[PDB]
Amino acid sequence: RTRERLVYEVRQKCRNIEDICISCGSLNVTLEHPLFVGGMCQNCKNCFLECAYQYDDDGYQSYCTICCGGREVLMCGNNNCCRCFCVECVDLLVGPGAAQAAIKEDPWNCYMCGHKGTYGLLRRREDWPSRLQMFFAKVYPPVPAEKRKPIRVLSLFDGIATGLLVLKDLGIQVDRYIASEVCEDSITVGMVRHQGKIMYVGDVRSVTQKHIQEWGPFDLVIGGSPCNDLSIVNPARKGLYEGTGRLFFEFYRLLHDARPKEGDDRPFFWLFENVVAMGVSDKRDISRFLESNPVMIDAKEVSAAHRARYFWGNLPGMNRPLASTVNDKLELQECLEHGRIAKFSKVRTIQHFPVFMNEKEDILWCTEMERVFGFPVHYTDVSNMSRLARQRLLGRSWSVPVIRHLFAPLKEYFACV
Amino acid sequence: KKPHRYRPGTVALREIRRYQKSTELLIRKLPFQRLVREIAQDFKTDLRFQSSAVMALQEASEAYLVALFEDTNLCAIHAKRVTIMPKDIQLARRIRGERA
Amino acid sequence: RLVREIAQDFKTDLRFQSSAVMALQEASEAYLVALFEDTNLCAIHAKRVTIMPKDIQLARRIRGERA
Amino acid sequence: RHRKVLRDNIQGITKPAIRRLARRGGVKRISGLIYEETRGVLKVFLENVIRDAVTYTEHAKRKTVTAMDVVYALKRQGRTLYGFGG
Amino acid sequence: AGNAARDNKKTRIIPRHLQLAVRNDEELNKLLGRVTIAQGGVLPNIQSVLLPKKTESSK
Amino acid sequence: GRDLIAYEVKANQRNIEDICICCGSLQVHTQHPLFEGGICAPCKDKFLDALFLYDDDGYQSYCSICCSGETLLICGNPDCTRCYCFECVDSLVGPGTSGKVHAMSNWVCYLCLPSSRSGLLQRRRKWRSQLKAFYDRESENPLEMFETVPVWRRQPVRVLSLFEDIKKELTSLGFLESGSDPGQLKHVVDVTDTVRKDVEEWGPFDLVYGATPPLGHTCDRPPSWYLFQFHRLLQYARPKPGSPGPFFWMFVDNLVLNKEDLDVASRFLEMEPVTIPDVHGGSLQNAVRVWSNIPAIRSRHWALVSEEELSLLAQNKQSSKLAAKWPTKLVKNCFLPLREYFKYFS
DNA sequence: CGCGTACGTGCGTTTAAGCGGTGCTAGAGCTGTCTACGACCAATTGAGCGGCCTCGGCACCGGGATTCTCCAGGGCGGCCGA
DNA sequence: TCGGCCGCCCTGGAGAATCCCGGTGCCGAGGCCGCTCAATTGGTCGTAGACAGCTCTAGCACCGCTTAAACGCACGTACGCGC
Ligand SMILES: Nc1ncnc2c1ncn2[C@@H]1O[C@H](CSCC[C@H](N)C(=O)O)[C@@H](O)[C@H]1O
Ligand SMILES: [Zn+2]
Ligand SMILES: [Zn+2]
Ligand SMILES: [Zn+2]
Ligand SMILES: [Zn+2]
Ligand SMILES: [Zn+2]
Ligand SMILES: [Zn+2]
């Protein structure tokens, strides 16, 4: 109401659109809107952190990209776009009745996609990916090669031992690989694929500082806590402080136990992963506890999956843009087997059945999902585990080439094959 | 499977929450008044009562019965049951020392 | 000695008449015999012949002495 | 000063004493955890009665607890004792 | 009773408020044990055995 | 035989290590932790147990030196928590002196006096490390043991209170100086935006206290939050590894965390909780669980206190919530062993 | 109805309650003096209760959020006994 | 051989009831006023009680025998409890 009245003074050439917060109409303009012309208040910036990369079960965004609220949104018809625009924002910044006019357009393109750049009072700056990139963005020296040693890796909430597989693919010599896990299927996977070399512990809630000390020094501590109780798109979520969210704190403890003391300058590195859909207070508390700001890395650059994840850690050069390698499969069609056709160009895991086979809507294959996530083929085919269990295992797992990108400079710090 | 139906635990416990959170009288006023008059017929013929006297009798009688069903429910729980029985009321009144 | 120990918390340097201690002992033994009668009724009501601390707690709850 | 603090006299109430008080109460079979609970209940009962009787002695400006103060302390708690003067 | 009235979002003490005020306190309940307050009711206190088990099996 | 142990040293020319100074016995298992001399095995076992045990009535339930129940006196200088029996004082320094000591409440005890040689008492230099070795040999449990802080090398306590204020308590307990506000306690209601840089700016901390909300659920934030933030800021406030500095902590739960959160807290704080019941007013009043690394805090829990009765009290308190004060007085006592670590304001 | 544990029974030990003396002394109990504290009575007034009034705190009505409650279902699956 | 049936997890969706939120209305409580009788003040007696003194009763303390009973250990079968 008040915001709508203000926008009146904006179009009467009495107020600059760049001087008003186009999300909620607050006067406390501090930052500029990264996607379009206008200002942004701090409160809306926090809302913008949570809501932009939230997707519903249909594979489209949960909320409007502009105001990061809205009660009824317009979905986008154009290929590979997942954005939504709430009716209210469209009926202000573009013009009155433009929203219902977009409702009636059966082949409709949203304003983020359409070829033209000017749309009424709404203007889109062309540098929005780079500004968005920067918006979401004790140093050890290099060790000389002869002094390099095999890496020792602790992987908490190890899952299917993706980290050891990545280090093997990079040809780094692994002295030992200790892994905490509770799911029998996931325990089996590591044993088989890595030939018994993986020391399986059990419940991470049994792991003491004494255990960590007597297991010998660790060179790399890695992990991803369960995201079911952190991800905001779960209505029944218990947050960071209840249910399975609190396993992150156990990770924080064992990382603290595994970190060298001050004055001991031996090389040590860590990587923690979580979903982008994590709450403002949850994300803030995690970011404060790990004493760093997260780097946001999207799988779509190197892994042909729309999987935007936060990575806390101290791996060197982890800000540098992702450079694809020829080995990597940037296309979903370059991962499916012959006779199957990809609906979309990227799979969505944070149409429901993204396969066209024999003019029929088929579901995603487990092995094709393996190839998408960058795992060497038939990695999770070890025991007599259900399709549901293998799907859940691949879903919770890391994107392999993203982990290869992050782990890549560790080759300059430990012994290589 | 169109008409909805609850469980025997649910509706009973909702009634327990409803009648614990309320204060009003549960016995009807006129049958309780006829009961008080018929009991008073034996001790003296042709009484008269005040409305406040009958309401005071009803307040004290309902409070006495609610405390009695509290001890009755404890006696029922102690015998590994949930259903109260006349054994429970006789036990509660025999431990209160009122069997005379 | 139990009566003197319990009395030492309320007042120091007390002094008991022998008849007072005998009256306390009469009253306390009669109270415990009545309590074991209600405890025996609570034991029989639970289809048992063995009294348990549940029976003493139930007897002192129905009497109104959990206060 | 010249008064040793009496202690652990709740164990002066022996197991056969509570056994005989359960025999007079008509109890056929006594469990092992009866005795601690019975000592606790007898201790709380003596606490209440002596808490009244010492206050009756206090107001009388004496230092001797009489049998009459015990009878007054029990008759106040609705347990009228006979044989000691009402 | 003024605390019990403020909890119930009321600025007038009804006998329900005196009932909750006396019976929640332990020393006032010891003082007024054998005392009935008219139009009081009882305390909202349900035993922990008559409720259905709203739990989940860990295995 | 208590006037004989003052005769075996002076006349027979024997070593104090060769006589049990506790019960007068001639059989010596080990060497006494606080002073030079020997201790028989039962007195040794009981002496260790007595330190763990916490008494509401006095600084020590049973006597320090010989572990007797009665004949307890209070230390004169209020910055000391030591308590000795009358029979130890009579037997060692001489008859008719215990009465003189007990007669005043301002009589300087043996550890506060400039000279520690009274006539039959010998102090130990850097005794706390030897004391840790004493716990290591027989106590079967290596409980968290920070070096003791001498009176001469004493520091003003730097306190960080999270989610609950204790300035009134510590002021009543003599940890914070009244009248003068240099700011040796910082109360921080909101800590979501606290950073290591902030804590470094706030000055180095020696004691960080946290506590759960009171039973009236004042705030609409899950109670585990207090625990987890307490752990985080705790780790931040720990001194740089390889530094002789005391760091104490204590997280207190007034039965607001269920068994899940209880095990979680017990795991992070790496010990079992401490359940404390309050003075019965007929049946049971309220109770509180406490994690800490402060000496004689783990043994404060009383085995008589059951879980089911505690669950019932919790559910009668949570639903009723008549009183809504944080039980400051309940958790007030538990800091009492800490008295010998920081300066006391009378 | 099955199982197992824990309580009653019995015998040998030893712990101390009970009884019978003495002592002494703290303290209950009685008696004598007296004085200050409360009953009684007269004056007098202002605080407390009957009566009036007016107005807002709460009872009731109506609508939306919501929130536990009950049941369908996917799948699954294997397994299984038909 | 081989296809069709009961736990298990997981999940949530209709759905009847309940909590919250407003809107209206009413009657009961808060506040004002007269008045009148009970609270107050002043004074006076009379005896209840405070206090000194004496005495002499019983209460506490100690000690030494003496068995009565409390304790401790084995053991086995009857009852508590789970199904
Ligand atoms: N309490 C616990 N203790 C140990 N592991 C647990 C756990 N709770 C959940 N987990 C495991 O931790 C995993 C976190 S999902 C992360 C999987 C892993 N990062 C990967 O790349 O495969 C889950 O698969 C779950 O099986
Ligand atoms: Zn804004
Ligand atoms: Zn919008
Ligand atoms: Zn689009
Ligand atoms: Zn000894
Ligand atoms: Zn001292
Ligand atoms: Zn001593």
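Number of residues in segment A:29-67 that are under 19 Å from A:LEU6 (Cβ atoms) and either within 16 Å of DNA strand H (Cβ to nearest atom) or in contact with a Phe, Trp or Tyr (Cβ under 6 Å, 6 or more places away or on another chain) (or both) equals 1.
Inspection of segment A:92-114 finds no residue satisfying the criterion of being within 16 Å of ligand 2 (Cβ to nearest atom) and not in a helix (DSSP H, G or I).
The listed residues are D:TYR56, D:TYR82, and the only one of them that is more than 9 Å from chain C (Cβ to nearest Cβ), assigned to a helix (DSSP H, G or I) and aromatic (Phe, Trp, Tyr) turns out to be D:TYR56. Looking at segment F:14-64, which of the residues that are touching a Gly at 6+ places or on another chain (Cβ under 8 Å) and assigned to a helix (DSSP H, G or I) is surrounded by the most Cβ atoms within 10 Å (Cβ to Cβ)? Restricting to residues being touching a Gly at 6+ places or on another chain (Cβ under 8 Å) and assigned to a helix (DSSP H, G or I), the top hit is F:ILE16.
Restricting segment A:33-63 to residues that are of a type in the set (A, V, I, L, M, F, W, C) and within 16 Å of ligand 4 (Cβ to nearest atom) leaves a set whose member that is farthest from the other protein chains (Cβ to nearest Cβ) is A:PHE36. Please verify whether segment F:87-101 includes one or more residues that are within 16 Å of ligand 5 (Cβ to nearest atom), within 14 Å of chain D (Cβ to nearest Cβ) and outside any helix (DSSP H, G or I). Looking for residues that are within 16 Å of ligand 5 (Cβ to nearest atom), within 14 Å of chain D (Cβ to nearest Cβ) and outside any helix (DSSP H, G or I), one finds none in segment F:87-101, hence no. Here is a check on your reading of the model: is D:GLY32 surrounded by 13 or more Cβ atoms within 10 Å (Cβ to Cβ) and more than 16 Å from ligand 2 (Cβ to nearest atom)? The answer is no for D:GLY32. The set of residues in segment C:10-47 being crowded, with 20+ Cβ neighbours inside 10 Å, among the small types (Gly, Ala, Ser) and closer than 30 Å to D:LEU6 by Cβ consists of C:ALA20, C:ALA23, C:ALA27. Would you say F:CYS67 is more than 14 Å from chain D (Cβ to nearest Cβ), away from ligand 1 (no atom under 16 Å from the Cβ), in a loop (DSSP other than H, G, I, E, B) and buried (at least 18 other Cβ atoms within 10 Å of the Cβ)? Taking the combined requirement at face value, the residue satisfies it. For segment F:82-116, the candidate set comprises residues that are of a type outside the set (A, V, I, L, M, F, W, C) and buried (at least 20 other Cβ atoms within 10 Å of the Cβ); within that set, the residue that is nearest to the chain's Cα centre (by Cα) is F:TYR84.
Residue-by-condition table, conditions (1) within 30 Å of C:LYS54 (Cβ to Cβ); (2) surrounded by 13 or more Cβ atoms within 10 Å (Cβ to Cβ); (3) in contact with a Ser or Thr (Cβ under 8 Å, 6 or more places away or on another chain):
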site	(1), (2), (3)
D:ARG23	yes, yes, no
D:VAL54	no, yes, no
D:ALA60	no, yes, no
D:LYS63	no, no, yes
D:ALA67	no, yes, yes
D:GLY86	no, no, yes
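Among the residues of segment D:14-37, just one is under 16 Å from the mean Cα position of the chain (by Cα), within 7 Å of chain C (Cβ to nearest Cβ) and of a type outside the set (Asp, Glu), namely D:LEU21. Pairs meeting the criteria (first residue in segment B:70-85 and more than 9 Å from chain C (Cβ to nearest Cβ) and over 15 Å from E:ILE46 (Cα atoms), second residue in a helix (DSSP H, G or I) and of a type in the set (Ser, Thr, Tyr), beta carbons under 6 Å, at least 6 apart or on different chains) are B:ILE84/B:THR72.
Residue selection: A:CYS24 fails the criterion of being touching a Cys at 6+ places or on another chain (Cβ under 7 Å), surrounded by fewer than 20 Cβ atoms within 10 Å (Cβ to Cβ) and not in a loop (DSSP other than H, G, I, E, B). Report yes if A:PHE414 is surrounded by fewer than 14 Cβ atoms within 10 Å (Cβ to Cβ) and out of contact with any helix residue (DSSP H, G or I) (no Cβ under 7 Å at 6 or more places or on another chain), otherwise no. Criteria not met by A:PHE414. Being loosely packed, with under 13 Cβ neighbours inside 10 Å and under 30 Å from A:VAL182 (Cβ atoms) is a property that E:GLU27 lacks. Can you say whether A:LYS138 is away from ligand 5 (no atom under 16 Å from the Cβ), within 14 Å of another protein chain (Cβ to nearest Cβ) and in a loop (DSSP other than H, G, I, E, B), as far as the supplied structure shows? Spelling it out, A:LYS138 is indeed away from ligand 5 (no atom under 16 Å from the Cβ), within 14 Å of another protein chain (Cβ to nearest Cβ) and in a loop (DSSP other than H, G, I, E, B).
Regarding A:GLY70, is this residue within 16 Å of DNA strand G (Cβ to nearest atom), away from chain F (no Cβ under 14 Å) and of a type in the set (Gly, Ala, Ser)?
yes
Against the definition (within 21 Å of C:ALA7 (Cα to Cα), among the aromatic types (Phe, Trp, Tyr), more than 7 Å from every other protein chain (Cβ to nearest Cβ) and part of a helix (DSSP H, G or I)), how does D:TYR72 come out, yes or no? Judged against the criteria, D:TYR72 is a match. Only one entry of F:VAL101, F:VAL108, F:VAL28, F:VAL89 meets the criterion of being away from ligand 3 (no atom under 16 Å from the Cβ), in contact with a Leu (Cβ under 6 Å, 6 or more places away or on another chain) and of a type in the set (A, V, I, L, M, F, W, C), and that entry is F:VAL101. Screening A:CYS84 with (1) away from ligand 4 (no atom under 12 Å from the Cβ); (2) away from chain F (no Cβ under 14 Å); (3) not small (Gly, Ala, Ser) gives one miss only, at (1).
For every residue, the table says whether it meets (1) more than 16 Å from ligand 6 (Cβ to nearest atom); (2) charged (D, E, K, R).
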| position | (1), (2) |
| --- | --- |
| F:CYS23 | yes, no |
| F:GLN27 | yes, no |
| F:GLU36 | yes, yes |
| F:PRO42 | yes, no |
| F:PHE47 | yes, no |
| F:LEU53 | yes, no |
| F:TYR59 | no, no |
| F:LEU72 | no, no |
| F:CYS75 | no, no |
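Filtering A:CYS86, A:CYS82, A:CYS67 for residues that are touching a helix residue (DSSP H, G or I) at 6+ places or on another chain (Cβ under 7 Å) and hydrophobic (A, V, I, L, M, F, W, C) leaves a single hit, A:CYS67.
Picking from residues in segment F:224-247 that are assigned to a loop (DSSP other than H, G, I, E, B) and in contact with a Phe, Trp or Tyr (Cβ under 8 Å, 6 or more places away or on another chain), the one that is farthest from A:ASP282 (Cα to Cα) is F:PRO246.
In this structure, is E:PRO15 more than 10 Å from chain F (Cβ to nearest Cβ) and surrounded by 12 or more Cβ atoms within 10 Å (Cβ to Cβ)? Yes.
Checked against the criterion of being under 16 Å from F:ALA133 (Cβ atoms), in contact with a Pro (Cβ under 9 Å, 6 or more places away or on another chain) and away from ligand 4 (no atom under 16 Å from the Cβ), segment F:55-78 has no qualifying residue.
Here is a check on your reading of the model: is F:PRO142 within 14 Å of another protein chain (Cβ to nearest Cβ), more than 16 Å from DNA strand H (Cβ to nearest atom) and loosely packed, with under 13 Cβ neighbours inside 10 Å? In short, yes. Looking at segment F:194-213, is at least one residue farther than 30 Å from F:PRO244 by Cβ, surrounded by 13 or more Cβ atoms within 10 Å (Cβ to Cβ) and not basic (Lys, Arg)? Yes, because at least one residue in segment F:194-213 is farther than 30 Å from F:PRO244 by Cβ, surrounded by 13 or more Cβ atoms within 10 Å (Cβ to Cβ) and not basic (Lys, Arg).
Neighbour counts are summed over all protein chains in view; Cβ atoms, including those assigned to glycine, are modelled from backbone coordinates with ideal geometry. Where a number appears in this text, it was derived from the coordinates with a stated rule and is not lab data.
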